[PDB]
Amino acid sequence: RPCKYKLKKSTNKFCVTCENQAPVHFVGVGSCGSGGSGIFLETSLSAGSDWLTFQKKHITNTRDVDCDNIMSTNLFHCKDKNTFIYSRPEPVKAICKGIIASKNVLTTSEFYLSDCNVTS
């Protein structure tokens, strides 16, 4: 038990940013949230990371998270929240095709969304 968190689950699409035919940034859940401010509280995988690590960061092919055993995983850092996407890599990567412009579109399908938010 690393920290204390509250129970949040949903089932919906997600928004991201494609850069060189692969999504290297998260944007939002069921919508695309505008980035036109000096905010830096996000992971910002655009500079110093890739799509190849974006997957391991907050996506899984099997939700095994209980928000009490993540002391054993890479997420032991006691963050304020995280947003786990239970999907395959295909419906995430293939949202874009030929895009170099650092942009994507919101998905259309409904995936298992697994948030967990801190409770002090």
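Residues numbered from 1 in each chain as written, not as in the entry; some residues may be left out. Heavy atoms only, no water.

This deposited entry lists solution NMR as its structure determination method.

(A) Just the pattern of salt bridges, in detail. A complete count under the given rule lists 1 salt bridge for this structure. Notably, a salt bridge pairs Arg1 with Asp68, separated by 2.8 Å at the nearest N-O pair. Note that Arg1 is positioned in the segment before β1 (5-12) and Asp68 in the loop between β4 (59-60) and β5 (81-86), a separation of 67 residues in sequence. Look at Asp68 and you get buried, because its relative accessible area is 17%. (Salt bridge = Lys/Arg side-chain N within 4 Å of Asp/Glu carboxyl O. Helix = DSSP H or I, 4+ residues; strand = E, 2+ residues; numbered from the N terminus. Buried < 20%, exposed > 50% of the residue type's maximum accessible area, 1.4 Å probe, protein only.)

(B) Up close: the nonpolar core. The biggest cluster of nonpolar side chains holds 13 residues, and the ones touching the most others in it are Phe14, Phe26, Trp51, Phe54, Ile85 and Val92. When residues of this core are traced back to their parent elements, those giving at least two are β2 (14-18), β3 (23-29), α1 (51-58) and β6 (111-118). For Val92, the residues in contact, after removing those within four places along its chain, are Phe14, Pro23, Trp51, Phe54, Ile59 and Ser87. (Core = buried A, V, L, I, M, F, W, Y, C linked by side-chain atoms within 4.5 Å. Contact = heavy atoms within 4.5 Å.)

(C) Quick look at the side chain of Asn12. Relative to the helices and strands, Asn12 resides in strand β1. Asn12 gets classed as buried once you look at its relative accessible area, which sits at 16%. Within the structure, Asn12 has its side chain in polar contact with the side chain of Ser10 (distance 2.9 Å). Ignoring any residue separated from it by four or fewer positions in sequence, one finds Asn12 in contact with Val29, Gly30, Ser109, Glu110, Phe111 and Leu113. (Polar contact = N/O pair within 3.5 Å; in protein donor to acceptor, adjacent residues only side chain to side chain.)

(D) Region of the structure containing the layout of surface pockets. Taken as a whole, the largest pocket holds about 1,100 Å³ of empty space. What lines the largest pocket is a set of 25 residues, among which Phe26, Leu41, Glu42, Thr43 and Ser44 lie closest to the centre. Those elements giving two or more residues to the lining of the largest pocket turn out to be β3, α1 and β5. Among the elements that take part in the lining of the largest pocket, β3 stands out by supplying 4 residues, more than any other. Its residues placed into classes, the lining of the largest pocket shows 7 nonpolar, 13 polar and 5 charged. A volume near 290 Å³ is recorded for the second largest pocket. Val65, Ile70, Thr73, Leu75 and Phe84 are the residues nearest the centre of the second largest pocket, which is lined by 15 residues in total. Contributions of two or more residues to the lining of the second largest pocket are made by α1 and β4. (1 Å grid on protein atoms, 1.4 Å probe; cavity = no way out; pocket = protein on both sides within 12 Å on 5 of 7 lines; lining within 4 Å. Points joined across faces, edges and corners; volume = space filled by probe spheres on them. Nonpolar A, V, L, I, M, F, W, Y, C, P; charged D, E, K, R; others polar.)

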